[PDB]
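As C-alpha cells, the structure follows; a few thoughts come after it.
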Amino acid sequence: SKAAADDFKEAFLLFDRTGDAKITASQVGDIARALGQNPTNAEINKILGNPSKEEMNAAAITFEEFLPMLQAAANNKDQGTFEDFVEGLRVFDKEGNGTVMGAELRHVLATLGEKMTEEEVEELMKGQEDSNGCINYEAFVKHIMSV
Amino acid sequence: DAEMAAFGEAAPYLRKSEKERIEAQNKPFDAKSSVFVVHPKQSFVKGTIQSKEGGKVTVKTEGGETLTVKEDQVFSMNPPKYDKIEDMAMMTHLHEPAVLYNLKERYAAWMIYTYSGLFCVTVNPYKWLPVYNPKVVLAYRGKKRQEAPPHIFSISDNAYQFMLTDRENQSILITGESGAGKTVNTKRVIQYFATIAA
Amino acid sequence: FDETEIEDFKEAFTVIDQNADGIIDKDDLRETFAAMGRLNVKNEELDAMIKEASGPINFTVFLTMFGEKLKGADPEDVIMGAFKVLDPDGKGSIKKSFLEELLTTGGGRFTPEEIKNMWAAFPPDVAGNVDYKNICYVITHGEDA
Amino acid sequence: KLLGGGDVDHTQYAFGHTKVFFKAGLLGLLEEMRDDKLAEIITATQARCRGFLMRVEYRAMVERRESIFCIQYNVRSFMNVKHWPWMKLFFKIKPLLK
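Line by line, the protein sequences give chains A, B, C and D. Numbering-wise, the first sequence is residues 3 to 149 according to the authors' numbering. Numbering-wise, the second sequence is residues 4 to 201 according to the authors' numbering. Numbering-wise, the third sequence is residues 19 to 163 according to the authors' numbering. Numbering-wise, the fourth sequence is residues 746 to 843 according to the authors' numbering.
So, in C-alpha cells, the structure goes:
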C-alpha cells in the first residue's frame with residue numbers, strides 16, 4: 003500500500019542477477035519468503051498454474067506481476083500460529099520435556115510432505131541440537147521464528 | 004534361500020525361491036480394475052472390470068467371458084504383494100474369494116500349509132512329499148511361527164515351547180471332513196512329540 | 019603489505035644492491051646474477067628490468083613496482099586460513115571437484131579454463147584440491163620446492 | 746520404528762506378531778481431514794523454515810564476500826609473477842635471509 007514499502011523493489015534488485023529488473027518465476031517462492039512471507043511450496047505452485055503460468059519453461063519477470071503476487075500471499079500469513087508448531091512437536095515425543103531425538107526430526111523434515119534437502123535440515127539443527135542427540139524444540143522453534 | 008537349508012529338499016514345498024517371490028510381488032497391478040466376481044458355474048472367478056452400470060458391473064474373465072453382475076457380486080483383489088501369503092489374515096482384503104484363491108494358488112505350487120489367522124490350514128496332497136522329512140522335524144525345532152514357513156510342526160512345536168514357557172497345558176484341535184486326512188496329521192503330530200522329547 | 023614482508027623486500031634489496039648506496043643499478047643486477055651462478059646473463063635482461071621503472075631503483079621504487087605486480091599477493095597464513103574454512107573439520111585435503119565447482123559458482127575468477135591452468139603446474143593433489151598447503155607455499159614463493 | 750515419523754494418527758494402527766493392523770473407513774476419514782490440516786499447519790511451518798534457511802545463506806554469502814577476493818586476486822598475482830626473473834631471484838634468495 004506503501005504504507006508504500008519501496009524496499010521490496012530494492013530487494014528485487016538484489017535477487018535479479020542480470021540487472022534488467024526481472025526475476026524468474028523459480029525465484030519468486032524464495033523471495034516471498036525473504037520479504038517476510040511463508041507460503042507453502044504447493045501454494046506457490048498452484049497459484050502459478052492457476053494463472054496458466056508454467057514454471058517448467060523459461061520465465062522472466064516484471065515487478066508489476068511480482069508485487070501483486072506478494073500481496074496475494076500476504077493474506078495467508080494468518081496461518082503462522084506458533085501454538086500449533088510447538089504442539090505438533092510436543093505430540094511427536096513422549097514425556098514432559100520438549101526434546102526430539104535427532105534423526106526423528108531430520109528424517110521427518112526431509113521425507114514428510116514438502117521435501118526439505120538434508121543439507122537444509124542439517125543447517126536448521128546446527129547449534130540447537132547438542133551431542134546428546136536431543137533437540138529442544140522450545141528453543142528450536144523460538145530460533146526458527148527469530149528469522 | 005540362505006536360511007533354508009535345514010529343509011533344503013522340502014523347501015520348495017514350504018517356501019519359494021527368493022525371486023519366485025520377487026517376480027511375483029513386484030509385478031504390474033491395476034487395482035481400480037482388477038477384481039474377483041461371482042459366477043454361476045464356477046464359484047468365483049477373476050476378471051477385469053470393463054464398465055459400470057451405476058450399480059451393475061460388467062466384467063471380463065480369465066478364460067474370456069463377460070458378465071454383468073451386481074455391485075456386491077464384485078470383490079476387490081489383493082495387490083500382488085499378497086501372492087501366496089503364509090497368513091491370509093494379513094491380507095488387506097478379507098473376502099470370501101481372496102481366501103479361496105490364496106489357498107488354491109499355493110497348492111497349485113504344492114504348498115499344503117497355509118495359515119488363516121490362528122488356524123493352520125492343511126490341504127490333502129494326494130501324493131507324496133518330503134515334508135514329513137526327518138530333516139524338517141529338527142528345522143521346526145525351537146522356532147516361532149514367524150521364523151519359519153507354514154507347517155504343522157510349527158504348531159506342534161510352539162505348543163511344546165509354550166508348554167514349558169508359560170507353564171500351561173496345551174491342545175491341538177484337528178478337524179475336517181471324512182476325506183480331509185486328519186488321522187494322518189494326528190498321527191504325524193504325535194510322532195513329533197515322541198521324537199522331540201523322548 | 020605487512021611489515022615483515024616489507025623487511026623481506028628490504029633484505030632482498032640489500033642483497034641485489036651490492037654497492038650499498040640505496041639504488042640498484044644495472045651493474046648490481048648483473049653482479050647479483052653472477053653470484054647466483056648466471057655467467058651468461060644478457061644485458062637485455064637487465065635493461066628489461068630497468069624498463070619496468072620510470073626512475074632509478076631505490077627502496078620505494080622497488081616497493082611500488084612489486085606492489086603493482088602483487089596486487090593480490092596473499093601470505094601463507096591467510097591462504098591456510100581460507101583453506102581451513104574450506105575444510106572446516108581439519109586435516110583433510112579437499113576434493114578436486116569441490117574446488118572446481120566452488121571457484122566457478124561463486125566467482126568469475128574461479129571460471130573453468132583458469133582451473134585447468136591451476137591444475138597445470140600446481141600439480142594433481144594441489145590442482146585436485148586434495149592436498150593443501152604446498153600451493154600456499156608456492157604462491158608466496160614460486161617454483162617447485 | 747518407521748511409523749515413528751509422519752503427521753499420522755498413531756492410534757489408527759496396531760501391531761502384532763505377524764502384522765500391523767490399520768483402520769480405513771472412518772478413522773480413515775478422520776486422518777484425511779487431519780492430513781489436510783497439517784499441510785496448512787505444515788505447509789506454513791515449512792515455508793518459514795525454507796525462508797529462514799536461505800536467510801542464513803545470505804549471511805554467509807556476504808561474509809565470504811571479501812575472503813574470496815582475497816583469494817581471487819592473490820592467486821592471479823602468482824600466475825603472473827612466478828614467470829618473472831626478479832621474482833624467481835627473490836625466490837632462490839628468500840632463504841639466505843633471516
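Every residue gets a Cβ at the ideal spot worked out from N, C-alpha and C, and that includes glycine.
**Item:** Unbroken beta strand (DSSP E) run spanning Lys73 (chain B), endpoints
**Value:** That run of the beta strand (DSSP E) goes 70–73.
**Message:** Applying the 10 Å Cβ sphere with the 16-neighbour rule, what's the burial state of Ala8 (chain B)?
**Reply:** It is exposed - the Cβ of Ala8 (chain B) has fewer than 16 other Cβ atoms within 10 Å.
**Prompt:** Rounded to the nearest angstrom, how far is the Cβ of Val40 (chain B) from that of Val77 (chain B), given a contact under 8 angstroms?
**Reply:** Right, their Cβ atoms sit about 5 angstroms apart.
**Prompt:** Between the region 144–155 of chain C and the region 103–114 of chain C, do at least 3 Cβ pairs fall closer than 8 angstroms?
**Reply:** Cβ pair count under 8 angstroms is three or more, so yes.
**Request:** Could you pull out every residue in the same chain whose Cβ sits closer than 6 angstroms to the Cβ of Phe10 (chain B), ignoring the five residues on either side in sequence?
**Result:** Around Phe10 (chain B): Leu17, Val139, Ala142.
**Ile52 (chain B) - containing alpha helix (DSSP H), residue span** = Bounds of any alpha helix (DSSP H) do not take in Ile52 (chain B); it lies within the beta strand (DSSP E) bounded by 47–55.
**Message:** Rounded to the nearest angstrom, what separates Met118 (chain A) and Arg804 (chain D) at their Cα positions?
**Reply:** Spanning the two alpha carbons is a distance of roughly 20 angstroms.
**Request:** For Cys123 (chain B), write down the residues that DSSP places opposite it in a beta bridge.
**Result:** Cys123 (chain B) pairs with B:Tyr118.
**Message:** Quick check: is any heavy atom of the ligand PLP less than 6 angstroms from the C-beta of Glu125 (chain A)?
**Reply:** Absence of the ligand PLP is noted for the structure shown, with no ligands found whatsoever.
**Request:** Drop a sphere of 10 angstroms on the beta-carbon of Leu69 (chain A), count the other beta-carbons inside from all chains shown, and report buried for 16 or more, exposed for fewer.
**Result:** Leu69 (chain A) is exposed by the Cβ-count criterion.
**Message:** Counting only Cβ-Cβ distances shorter than 9 angstroms, please list the residues of the region 801–833 of chain D near chain C, keeping chain order.
**Reply:** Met806, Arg809, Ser812, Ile813, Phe814, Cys815, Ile816, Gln817, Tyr818, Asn819, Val820, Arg821, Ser822, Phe823, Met824, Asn825, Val826, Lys827, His828, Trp829, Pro830, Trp831, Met832, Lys833: these are the residues of the region 801–833 of chain D whose beta carbon lies less than 9 angstroms from some beta carbon of chain C, given in chain order.
**Request:** Consult DSSP for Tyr758 (chain D) and reduce its assignment to one of helix, strand or coil.
**Result:** Secondary structure at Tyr758 (chain D): strand, using DSSP grouped into helix, strand and coil.
**Prompt:** Taking the alpha-carbon positions, what's the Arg170 (chain B) to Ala769 (chain D) distance?
**Reply:** Between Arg170 (chain B) and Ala769 (chain D), the C-alpha separation is close to 39 angstroms.
**Request:** Could you name the residues of the same chain whose beta carbon sits closer than 8 angstroms to that of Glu94 (chain C), not counting the 5 residues immediately before and after it, in chain order?
**Result:** Residues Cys154, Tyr155, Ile157, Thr158 of the same chain have their beta carbon placed closer than 8 angstroms to that of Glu94 (chain C), with the five preceding and five following residues left out of the count.
**Asked** Excluding five sequence neighbours on each side, which residues of the same chain lie with their C-beta closer than 7 angstroms to the C-beta of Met832 (chain D)?
**Response** Contacts found: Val826.
**Asked** Counting only runs that start and end within the region 19–60 of chain C, where is the alpha helix (DSSP H) found for 4 or more residues in a row?
**Response** The region 19–60 of chain C contains, as complete alpha helix (DSSP H) runs of 4+ residues, the segments 21–34, 44–54 (chain order).
**Message:** Going by the DSSP bridge assignment, what does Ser37 (chain B) pair with across the sheet?
**Reply:** According to DSSP, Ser37 (chain B) shares a beta bridge with B:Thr51.
**Request:** Measure the CB-CB distance between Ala101 (chain B) and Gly120 (chain B) and report whether it falls below 7 angstroms.
**Result:** Going by C-beta atoms, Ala101 (chain B) is not nearer than 7 angstroms to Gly120 (chain B).
**Prompt:** How would you call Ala759 (chain D), buried or exposed, if buried means at least 16 neighbouring beta carbons within 10 angstroms?
**Reply:** With fewer than 16 Cβ atoms within 10 Å of its Cβ, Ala759 (chain D) is classed as exposed.
**Request:** Spell out whether any CB of chain A is found under 7 angstroms from the CB atom of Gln791 (chain D).
**Result:** Yes, because at least one Cβ of chain A sits closer than 7 angstroms to the Cβ of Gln791 (chain D).
**Expected contact under 8 angstroms - CB spacing of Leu91 (chain A) and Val143 (chain A) to nearest Å** = The pair is a contact, with the Cβ atoms about 7 angstroms apart (cut-off 8 angstroms).
**Prompt:** Is the beta carbon of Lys87 (chain B) less than 7 angstroms from the beta carbon of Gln28 (chain B)?
**Reply:** No. Outside cutoff.
**Request:** For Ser79 (chain B), name the three-state secondary structure that DSSP assigns.
**Result:** Note: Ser79 (chain B) maps to strand in three-state DSSP.
**Prompt:** Do you know offhand how far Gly100 (chain A)'s Cα is from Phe94 (chain A)'s?
**Reply:** Within the model, the alpha-carbon separation for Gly100 (chain A) versus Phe94 (chain A) is close to 9 angstroms.
**Item:** N-terminal and C-terminal residue of the alpha helix (DSSP H) that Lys114 (chain C) is part of
**Value:** Its alpha helix (DSSP H) spans residues 114–122.
**Request:** Give the range of the beta strand (DSSP E) segment to which residue 689 (chain D) is assigned.
**Result:** Outside the shown range of chain D (746 to 843) lies residue 689 (chain D), about which nothing can therefore be said.
**Request:** Just the chain A side, please: which residues come within less than 7 angstroms of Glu785 (chain D) by C-beta, in chain order?
**Result:** Within chain A, the residues placing a beta-carbon under 7 angstroms from that of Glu785 (chain D) are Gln81, ordered along the chain.
**Asked** In chain D, which residues lie less than 7 angstroms from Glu29 (chain C) when you measure between Cβ atoms?
**Response** Within chain D, the residues near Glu29 (chain C) are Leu842.
**Message:** Short of 8 angstroms Cβ to Cβ, which residues in the region 110–136 of chain C face chain D?
**Reply:** Going along the region 110–136 of chain C in chain order, one finds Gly124, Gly125, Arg127, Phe128, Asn135, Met136 with a Cβ nearer than 8 angstroms to chain D.
**Message:** Going by DSSP in three states, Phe65 (chain A) sits in which element: helix, strand or coil?
**Reply:** Residue state, collapsed to three classes: helix.
**Item:** Rounded straight-line distance, which links the Cα of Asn136 (chain B) to that of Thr189 (chain B)
**Value:** If you draw a straight line from the Cα of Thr189 (chain B) to the Cα of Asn136 (chain B), it comes to about 16 angstroms.
**Prompt:** Any idea which residues DSSP pairs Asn138 (chain A) with across the strands?
**Reply:** Answer is A:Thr101.
**Request:** Using three-state DSSP, classify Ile75 (chain C) as helix, strand or coil.
**Result:** DSSP places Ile75 (chain C) in the strand class (E or B) of the three-state scheme.
**Prompt:** Is the Cβ of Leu107 (chain A) closer than 7 angstroms to any Cβ of chain D?
**Reply:** By this cut-off, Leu107 (chain A) is not an interface position.
**Message:** Buried or exposed, going by whether 16 or more other CB atoms sit within 10 Å of the CB of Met54 (chain C)?
**Reply:** Around the beta carbon of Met54 (chain C), a 10 Å sphere encloses fewer than 16 other beta carbons of the protein chains shown; the residue is thus reported as exposed.
**Request:** Look up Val143 (chain A) in the DSSP assignment and give the residues it is bridged to.
**Result:** Beta-bridge pairing links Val143 (chain A) to no other residue.
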